[PDB]
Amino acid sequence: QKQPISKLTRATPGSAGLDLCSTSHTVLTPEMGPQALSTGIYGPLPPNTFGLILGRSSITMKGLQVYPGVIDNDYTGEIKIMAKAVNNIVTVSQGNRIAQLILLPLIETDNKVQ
């Protein structure tokens, strides 16, 4: 906060995603349903791109589901992770990488804005 996406890092040079961590310690239970986790990272995105927030596989396998999120090109708010404990109680420590941002080309169309 406020940190831009240029501050994120890749696990490795060939990693498709930029890792996202929560800035808070959060405990999630299945009955809580979707929770929006703060990242302290803000849009916007590089020109002609949009973002997809996806889970990391190791986190998904530990029972924390990240719902795929679309980040619009010109979003300037805080990127949050939408997360749910699937079956069990899940504990997110401050700073642990819990999702990833993928950048994709934004295709232009003639669809109207409405």
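Counting begins at 1, following the sequence as shown.
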Comparing mean C-alpha B factor in the record for 85 to 93 and 28 to 36, the higher one is 85 to 93
Entry-reported Cα temperature factor of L103, expressed as the chain third it lands in
lowest
Check where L20 lands among this chain's C-alpha B-factors and tell me if it's the lowest, middle or highest third.
middle
Based on the deposited C-alpha B factors for this chain, I'd like to know if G69 is in the lowest, middle or highest third.
lowest
Lowest, middle or highest third: where is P46 by C-alpha B factor in its chain?
highest
Using the B-factors in the PDB entry, rank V113's C-alpha atom against the chain and give the third, lowest, middle or highest.
highest
